[PDB]
Amino acid sequence: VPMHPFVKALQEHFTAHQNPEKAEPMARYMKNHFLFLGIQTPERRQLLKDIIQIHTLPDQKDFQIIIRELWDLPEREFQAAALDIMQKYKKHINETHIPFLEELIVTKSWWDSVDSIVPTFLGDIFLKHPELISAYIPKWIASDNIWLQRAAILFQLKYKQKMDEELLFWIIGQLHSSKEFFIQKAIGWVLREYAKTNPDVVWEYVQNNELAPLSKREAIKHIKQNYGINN
DNA sequence: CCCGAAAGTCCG
DNA sequence: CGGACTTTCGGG
């Protein structure tokens, strides 16, 4: 069965505008886990737009198929484009897509893809269906996969006043001993971000609970100005 | 334009 | 460890 024509067209059009000179530092930035064509986001967005203008966005029946086929291509720009395309199908994504999103998180995994899946797509789903959080988050924390663990930490990133504080701090407690940079840093990020909404609660938490040095430092990067640094 | 964010390197 | 600095991207 041939590649979906929309995906074939995108592959052809991206490849015709590849930049091997830029591809080398772009690949180094992601610690050489992926090949790159060398196309940065503004042009990549336009090249996708070109193909949508010519071919139209595929019928929603093929949405998951398109994403998978792009996910399976070697160069990282195709996963970046896949996430752009998923946003165009946003209104069609719901709680039944959580396993599909899980599988994107644990394949071709790195911070660039995972951070574009978790606080937005999964965040929105669990905001609407908070009763489903306990069907997934305990498994993610217990798994060997650091990107599912990072997903558990960051899905509430943008919740602001809708943050479930007890849940957030419980998740962080489960993962606070991790020696993995991407877990320590995710903990720092979500605390720093939530501190923009509720600085008193984050300050109390970090002064009175164990965290990796990196996590605490990142958490209070801004709010330490509000409370001061004791001698 | 600006600022803040994932990262990243380089150094003491 | 953590500070100083780097580009790229999202967003006000």
Side-chain angles (χ1 to χ4, degrees), chain A residues 14 17-49 75-88 90 101 104-106 108-124 145-160 163 168 171-172 175-199 202 206-207 210-231:
Chain A
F14 281 18
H17 292 271
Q18 70 183 126
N19 184 328
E21 294 94 333
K22 284 194 168 185
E24 184 168 351
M26 285 174 78
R28 255 190 285 108
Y29 187 59
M30 304 305 184
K31 300 284 190 76
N32 289 116
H33 293 304
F34 314 102
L35 299 181
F36 277 77
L37 289 176
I39 306 174
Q40 293 175 302
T41 296
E43 183 173 11
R44 201 199 63 241
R45 294 253 162 87
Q46 181 60 49
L47 298 174
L48 171 61
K49 181 170 183 183
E75 293 88 1
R76 192 52 160 177
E77 289 92 344
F78 293 115
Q79 288 94 66
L83 294 164
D84 287 343
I85 289 163
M86 195 157 69
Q87 183 62 38
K88 297 179 182 304
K90 179 72 173 176
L101 296 170
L104 294 178
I105 287 167
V106 301
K108 306 292 193 80
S109 309
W110 204 237
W111 59 262
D112 57 327
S113 56
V114 173
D115 293 352
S116 289
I117 295 162
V118 170
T120 48
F121 294 98
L122 283 169
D124 286 348
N145 192 294
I146 60 170
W147 304 105
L148 291 178
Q149 297 164 18
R150 183 161 169 122
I153 296 162
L154 293 177
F155 79 93
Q156 299 190 95
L157 179 66
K158 298 187 153 179
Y159 280 16
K160 298 189 175 182
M163 179 71 76
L168 177 71
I171 290 169
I172 291 172
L175 292 166
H176 83 273
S177 293
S178 176
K179 299 178 179 67
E180 170 58 55
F181 166 89
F182 287 115
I183 299 309
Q184 295 183 5
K185 186 63 173 295
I187 289 166
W189 185 11
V190 77
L191 290 174
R192 197 197 313 113
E193 187 68 16
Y194 185 52
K196 299 176 184 181
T197 296
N198 196 338
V202 173
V206 304
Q207 296 308 325
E210 293 194 338
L211 291 173
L214 170 61
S215 298
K216 181 175 179 176
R217 192 207 329 138
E218 291 292 340
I220 68 176
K221 182 170 181 182
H222 304 299
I223 61 168
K224 67 181 169 59
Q225 270 60 236
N226 302 108
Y227 300 103
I229 303 158
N230 298 336
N231 292 96

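In what follows, chains carry the letters A, B, and so on, assigned in the order in which the sequence lines appear, proteins first and then strands, with residues in each chain numbered from 1. The figures that follow rest on heavy atoms only: side chains count, while hydrogens, waters and symmetry mates do not.
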Considering only [options], which nucleotide approaches the side chain of [X] most closely?
X      : options             : answer
A:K196 : C:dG2, B:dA5, B:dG8 : B:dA5
A:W189 : B:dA5, C:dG2, B:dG8 : B:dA5
A:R192 : C:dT8, C:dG2, B:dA5 : B:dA5
A:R217 : C:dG3, B:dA7, B:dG4 : C:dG3
A:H222 : C:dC9, B:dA7, B:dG4 : B:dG4
A:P42  : C:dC1, C:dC9, B:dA5 : C:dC9

Tell me: [atom1] of [X] to [atom2] of [N], nearest whole Å?
X      : N     : atom1 : atom2 : value
A:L214 : B:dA7 : CG    : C1'   : 12 Å
A:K216 : C:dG2 : NZ    : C1'   : 14 Å
A:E193 : B:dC3 : CD    : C1'   : 13 Å
A:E218 : C:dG3 : CD    : P     : 9 Å
A:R150 : B:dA5 : CZ    : P     : 14 Å
A:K185 : B:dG4 : NZ    : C1'   : 12 Å
A:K224 : C:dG2 : NZ    : P     : 12 Å
A:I183 : B:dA7 : CD1   : P     : 10 Å

Sugar geometry class by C1'-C2'-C3'-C4' for C:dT8:
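On the sign test, where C1'-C2'-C3'-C4' is negative, C:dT8 is classed south.
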Distance flag, aromatic centroids of A:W110 and A:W147, threshold under 6.0 Å
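A:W147 vs A:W110: aromatic centres under 6.0 Å.
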Within residues 222-231 of chain A or reaching into it, pairs that qualify as salt bridge (charged side-chain N to carboxylate O under 4.0 Å, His left out) - sequence neighbours excluded:
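Found none.
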Hey, what are the protein-to-nucleotides 10-12 of chain C N/O distances that come in under 3.5 Å?
from: C:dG10; atom 1: OP1; to: A:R45; atom 2: NH1; distance (Å): 3.3
from: C:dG10; atom 1: OP1; to: A:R45; atom 2: NH2; distance (Å): 2.7
from: C:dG10; atom 1: OP2; to: A:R45; atom 2: NH1; distance (Å): 3.2

What residues, two or more places apart in sequence or in another chain, satisfy side-chain contact (heavy atoms from CB on, under 4.5 Å) together with [X]?
X      : answer
A:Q207 : A:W203, A:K216
A:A152 : A:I137, A:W140, A:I141, A:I171
A:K196 : A:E193

Set of salt bridge (charged side-chain N to carboxylate O under 4.0 Å, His left out) partners for A:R44, sequence neighbours left out:
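For A:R44, the residues satisfying salt bridge (charged side-chain N to carboxylate O under 4.0 Å, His left out) (neighbours in sequence not counted) are A:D84.
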With a 4.5 Å heavy-atom cut-off, do A:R76 and A:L35 have their side chains touching?
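No; the side chains remain at least 4.5 Å from each other.
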Is the count of non-hydrogen atoms from other residues, nucleotides or ligands lying under 6.0 Å from A:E43 atom CD greater than 12?
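For A:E43, atom CD is crowded (more than 12 foreign heavy atoms under 6.0 Å).
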Summary of side-chain hydrogen bond (donor to acceptor under 3.5 Å, both in side chains) pairs that have at least one residue in residues 31-40 of chain A, sequence neighbours excluded
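Qualifying pairs: A:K22-A:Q40.
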All ring-ring contact (aromatic ring centres under 6.0 Å, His included) counterparts of A:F34, not counting sequence neighbours:
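With sequence neighbours excluded, A:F34 shows a ring-ring contact (aromatic ring centres under 6.0 Å, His included) to no residue whatsoever.
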Polar atoms only, N or O, under 3.5 Å: list the protein pairs with nucleotides 9-12 of chain B and their distances.
none

